[PDB]
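Asker: Just the starting chains for now, same placement as in the complex:
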Amino acid sequence: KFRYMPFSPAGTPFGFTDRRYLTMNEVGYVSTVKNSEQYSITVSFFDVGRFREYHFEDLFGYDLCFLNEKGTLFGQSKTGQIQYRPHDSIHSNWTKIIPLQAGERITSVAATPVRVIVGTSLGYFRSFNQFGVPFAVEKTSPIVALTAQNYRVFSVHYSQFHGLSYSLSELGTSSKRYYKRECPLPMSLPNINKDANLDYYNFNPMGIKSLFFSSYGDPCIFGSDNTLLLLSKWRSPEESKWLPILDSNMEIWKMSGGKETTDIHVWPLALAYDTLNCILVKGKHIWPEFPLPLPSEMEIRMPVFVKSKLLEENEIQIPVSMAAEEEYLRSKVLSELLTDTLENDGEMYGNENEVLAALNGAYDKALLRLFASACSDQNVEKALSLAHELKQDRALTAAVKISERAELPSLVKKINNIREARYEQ
Amino acid sequence: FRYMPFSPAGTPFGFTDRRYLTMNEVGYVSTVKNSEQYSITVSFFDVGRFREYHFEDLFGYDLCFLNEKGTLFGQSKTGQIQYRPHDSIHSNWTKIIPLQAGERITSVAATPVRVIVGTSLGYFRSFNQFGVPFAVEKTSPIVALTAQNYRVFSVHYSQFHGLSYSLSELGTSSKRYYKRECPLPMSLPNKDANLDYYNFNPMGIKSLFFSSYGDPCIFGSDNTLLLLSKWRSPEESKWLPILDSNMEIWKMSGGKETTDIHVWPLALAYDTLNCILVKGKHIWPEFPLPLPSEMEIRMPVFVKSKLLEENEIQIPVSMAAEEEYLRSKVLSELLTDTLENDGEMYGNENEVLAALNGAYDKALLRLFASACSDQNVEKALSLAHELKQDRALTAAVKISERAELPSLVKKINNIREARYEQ
Amino acid sequence: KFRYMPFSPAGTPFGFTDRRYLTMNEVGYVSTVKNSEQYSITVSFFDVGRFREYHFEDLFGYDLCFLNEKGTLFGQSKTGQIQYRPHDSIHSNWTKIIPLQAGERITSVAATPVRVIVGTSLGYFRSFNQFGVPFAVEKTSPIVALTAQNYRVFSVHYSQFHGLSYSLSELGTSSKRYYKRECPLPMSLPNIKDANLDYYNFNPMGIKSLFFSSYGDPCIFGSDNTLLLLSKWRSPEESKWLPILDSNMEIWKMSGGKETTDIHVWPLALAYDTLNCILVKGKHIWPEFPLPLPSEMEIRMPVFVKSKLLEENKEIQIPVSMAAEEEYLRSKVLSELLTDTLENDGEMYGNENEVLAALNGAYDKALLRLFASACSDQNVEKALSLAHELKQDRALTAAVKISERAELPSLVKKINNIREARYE
């Protein structure tokens, strides 16, 4: 019975308003409005300079739009048409009519500089390269959503018989390797038990706000839970795992200073290194309206906080040790992802070296603060562990100072032994 | 779920006293409901190899795996399993498995090397070619059991695990699982004959069977042939809908879907599916078994709407070129996989690969001429990259001249230089 | 619909009583009792020498308890409060409350000698250290059970959509290795008496219990009442769950063929070749506060046709052939796992080498009984195949002697060729 409604990353429903948004890539937002029997397609750009906001009137009503720097992927699921429009006039707006069997509806269409992907409701995965040339076609689980960057291709699939799953993949030169094949995604699913939210569900039954790769290309998805999930160590599936790096719900409740504000809503756009690019919608319609607001860019925060204690202590007021814990964990996961990119994916921005160094410093300072807290607790064992997790000897001597001023001479000896082992190694 | 027993490519009675337990290249086990007894007519498409003996079955074995060395006969309810070797020297040994309350043999895969028995509960079971137990284990509810050359391949659906499949081959030390209960992408079914076959085969898999080389293949309720390409490489393993029998029958039908036509794939003869076309309400073959109508492989790249707009269905030259391109690509890949693992089991596979390279490059050059007609430099250039041999580059540059596109000429020349130089 | 409820290994509900076993295992059992609002938690250790019993009152009403030689992990799902109590008592009972979002309820708690694990209804996997220092928080398919033996942690990831799944991993002090990740767990959920449902209310999944083996192989006992062991768990390629016991059949066996009902094996822990579990012969499948003496039953390969036994009986008689086959399979699987552990993890007791040797002997002698059976059938080919599997060449001398006593000169010649081949 389920309806495989076509959806595109960060796309918005029609609602009673004829204007909508097919997608809101950080490059640009594809605002489309149904006028008469056609649709006025405003291909807007958050960077108008390199890509001016060209408009074209579409009589085909292309529903699935996938914006990207090379171009945009305008296609209509019902017609099987994919009128990709390169932003460069050098390449024409190549179009193709995909074979659609009875009831086949294009669930999503991913567009990448390497190639273009098109998923069908029947599970018959399809994908063609640029300038409309066939690339490959196969059968997989019903494609739910399609987010791909370069060779990387993250595909989400769901069936009423297979369950929530995602076949993360990348274009191995020999063939399209699948880091994860129909792996069970741990993402939260929408619960019917709101009219605008349900309309969005009628538009996005999966309640998936958007699928967008990180600044480093890491799989990042955002949905009903109002939290951003990152598949850490995705390049190593054996050890890969999803992390709720950010939680828009609690983050908004925090920026409200304990003043729960239902009207506020967050719309994913992208992940700028550590800050999540996402519109902070402020209307009944959880999705942005034609006058698209500015992007709200918030740093990730480990959801290690309990609203009750934060309210009791109190834009929220947070205990110094509790904030230290969150900062420590975020620094750990961040630096981990930084080294992952720098080594497995390779250094790209160049500044990532300094980013990792600063993350190491923050990791160590948070460890030192928590170690001082533990010494205040006199838990010599807990403080000793905290000192052990230090990743630099400067923090080790700082912890020696903390213990000495904390009158922990035995623990100072333990730190001395720690450094002995470390620098002697 | 019904979890009715299923044999490789079998038919129900359809409110009748005659049916087939299974259909295979080896044969088709036509059975008559001989009162309480069952005149199981073991029909062989090559009776010369083995005599079609109409042994009476008192147990009414619902399940029946048919391998050239022996025709198995399993009974899900009673749990008794009659294995009747096709060789008189080998006697028809029988066994009774311990079935738990509700446990029912859903399918069976009897190989000459080994025997495998699966049940509704998912309690995987196995014996030797004579019935000596090999191993027993619990798995997902068994729904399909296809095995040849001890290549145990199986499907498993569950209300909780869902549709899945356990591809495996019995290594000497043990059975290495290529794809252990991985999620099968087969499209589950949602007229009267369709309801009958869903009562008999609610799973919707018209038949689970390996390919000519031995690659996993299957025909779902979607009426499309799926083959697990790259199965020998789990990371690269992918299911390929190598046939859409709907699309094929539609094309041969002159743009006219005809329900009465129904295909029944016993196996895949490399590039031409071994199948029986039955024209009747009942999708399964009836007692007057139609001749095996081996269907040529056709990648379902054709657009049905575009195909009928073009109009045996007239096919665009470019679209047919693309279909040949994809068919030869996927084939060549499968042949290479089988040859690096199984080798030239036929002795013709290397020549088939050479012919596939030739035809694949021919389709590439035809699409290259099409792209040159499109005057798209990067299109024809990408097509030039796909070329494998040097004569393809000569043809590409010659066509680029034919379309007065010197930029291409230069690009193909550079690629040709880099190719034959290194 | 399904309901996510806190679970602990082999736990028991309060039922009509005010006291229930929070959990039980080889190390011991912890049972709580309602006491004028305040709950009285009692921690009982099986090995008196190793540890000392202690009881404390729990105002938080912790429903989740994990027991391991090092300590205990008491937690309350509805509150998110988690308290660890080191058994040594050298270290204070560090305690903390995890962040529980609306509806986030702790599904179970896992204790590792170095790390700590907490599972939530939302699948928010959380990792703390022995002193409670957080490690990281991860979202995964909701985990219903969190067995953790030594450094080996076995989790049961189930979802309404992802279905039944399990992840096997040994975090260890370092070199954390994930043997398996949310792979489908081949177990059968209960069918949907009042006590059965209440336990299902107390255990929606119907998991009778969850634990590792004596040597440390993951062990599961679902509502089906079948003990499944992950053969070759150390190697994911050949990893496979093998039903080593079907409690219902064994009970019907020892009952003299009688279809007893009240009997309920309460899985406690799996000794090598033998299951330590309590037979609750009462309406309540779970036991009572006056915990009875644990019972021991040897593992059995489920290859007995109940119809065959019924026909034999009309004290249950088993054909020597079907018996011998069962002992063959049991010895085979036991030797497989024993060798795997011995080569992979050495031995905590030196006897295991001799145990494996005797098991190989029993394996060969079971092949020999079945070889004689085939010889009596004149299936010299089947008997030849049997002797082919024979591991010991001295047992092969026994087999050729049998063939001589079976008057199978062709057989005898075949086994002689086998003698020479093995000598080669």
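Answerer: Okay, I see it. Numbers count the residues shown, from 1 in each chain, chains lettered A, B, ... in the order given.

Asker: Run through the residues that contact residue A:301.
Answerer: Applying C-beta atoms under 8 Å, 6 or more residues apart in numbering or on different chains, we find residue A:301 in contact with A:245-247, A:250-251, A:326, A:330. Quick note: C-beta positions are derived from backbone N, CA and C, even for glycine.

Asker: Show me the two of those that sit farthest apart.
Answerer: Within the contacts of residue A:301, A:250 and A:330 form the most distant pair, 13.9 Å apart (C-beta to C-beta).

Asker: Verify the contact between residue A:13 and residue A:289 for me.
Answerer: No - when contacts are counted by C-beta atoms under 8 Å, residue A:13 is not listed as touching residue A:289 (11.4 Å).

Asker: Secondary structure element for residue A:159, which one?
Answerer: Counting by DSSP states H and E, no helix or strand carries residue A:159.

Asker: Check the contact between it and residue A:142; I expect there is one.
Answerer: Yes - the pair residue A:159 and residue A:142 passes the contact test of C-beta under 8 Å, sitting 4.9 Å apart.

Asker: More neighbours: those two, which one.
Answerer: Neighbours were counted for residue A:159 and for residue A:142 using other C-beta atoms under 10 Å in any protein chain shown; residue A:142 has more, 25 against 22.

Asker: Name the residues of chain A found near chain C, please.
Answerer: A:158, A:163-165, A:183-184, A:186-189, A:229, A:238-239, A:241-244, A:249, A:302-307, A:309, A:325, A:329, A:332-333, A:370, A:379, A:381-382, A:385-386, A:389 (C-beta under 8 Å from any C-beta of the partner chain).

Asker: Buried among those residues? Need that as a selection in PyMOL.
Answerer: The buried residues among the residues of chain A next to chain C can be selected in PyMOL (16 or more other C-beta atoms under 10 Å in any protein chain shown) with this line:
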select buried, chain A and resi 158+163+164+165+183+184+186+187+188+189+229+241+242+243+244+249+302+303+304+305+306+307+325+329+332+333+370+379+381+382+385+386+389
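
Asker: where does residue A:258 land in three-state SS?
Answerer: Following DSSP: H, G, I helix; E, B strand; the rest coil, residue A:258 is assigned to coil.

Asker: helix/strand/coil for the closest residue to it other than its chain neighbours?
Answerer: Nearest residue to residue A:258, sequence neighbours excluded (C-beta to C-beta, 6 or more residues apart in numbering or on different chains): residue A:311, at 5.3 Å. Of the three states, residue A:311 takes helix under three-state DSSP.

Asker: please slot chain D in as well:
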Amino acid sequence: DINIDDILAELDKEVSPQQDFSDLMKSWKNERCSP
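Answerer: Putting chain D onto the chains we already have gives this:
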């Protein structure tokens, strides 16, 4: 039913102080009851 039990047996054929104590205890009983 070829009786290999002898064959399996031979294939298996491949001063305990406790015993001394048992002998003592038997002897002591006999002494007690013996006239």
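
Asker: In light of the added chain D, please revisit the contacts of residue A:301.
Answerer: Taking C-beta under 8 Å, 6+ apart, we find residue A:301 in contact with A:245-247, A:250-251, A:326, A:330.

Asker: again, but for residue A:187
Answerer: Residue A:187 sits next to A:164, A:208, A:221, A:223, A:225, A:229, A:242, C:139 when contact means C-beta under 8 Å, 6+ apart.

Asker: Relative to residue A:288, how far out is the fifth one?
Answerer: It refers to residue A:225. To residue A:288, residue A:225 is 20 Å away according to C-beta to C-beta, to the nearest Å.

Asker: more neighbours, those two?
Answerer: The residue with more neighbours, out of residue A:225 and residue A:288, is residue A:288; 24 against 20, by other C-beta under 10 Å.

Asker: Hmm, the more buried one is touching residue A:12, no?
Answerer: Yes - using C-beta under 8 Å, residue A:288 makes contact with residue A:12 at a distance of 6.5 Å.

Asker: Give me the common contacts of those two.
Answerer: Common neighbours of residue A:288 and residue A:12 (criterion: C-beta under 8 Å, 6+ apart): A:21, A:24, A:267.

Asker: What residues sit buried inside stretch A:330-343?
Answerer: Buried residues in stretch A:330-343 (16+ other C-beta under 10 Å): A:330-338, A:340-342.

Asker: I meant stretch D:15-29, not that one.
Answerer: By neighbour count with 16+ other C-beta under 10 Å, stretch D:15-29 contains no buried residues.

Asker: Could you export it as CSV, CA atoms only?
Answerer: Output in CSV follows, covering the C-alpha atoms of stretch D:15-29 (Å, rounded to 0.1, in the frame of the first residue of the first chain):
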residue,chain,number,x,y,z
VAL,D,15,47.5,-51.0,44.6
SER,D,16,45.1,-48.1,44.8
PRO,D,17,45.1,-46.8,48.4
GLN,D,18,41.3,-46.3,47.9
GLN,D,19,41.1,-49.9,46.9
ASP,D,20,43.1,-50.9,50.0
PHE,D,21,40.7,-49.0,52.2
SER,D,22,37.8,-50.8,50.6
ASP,D,23,39.5,-54.1,51.2
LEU,D,24,40.1,-53.2,54.8
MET,D,25,36.5,-52.2,55.3
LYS,D,26,35.2,-55.5,53.8
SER,D,27,37.7,-57.4,56.0
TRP,D,28,36.6,-55.6,59.1
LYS,D,29,32.9,-56.4,58.4
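
Asker: In chain D, mark out all the helices, start to finish.
Answerer: D:5-13, D:17-33 (DSSP state H).

Asker: tell me the contacts of residue A:320?
Answerer: The contact partners of residue A:320, taken as C-beta under 8 Å, 6+ apart, are A:369, A:373.

Asker: No more questions from me, cheers.
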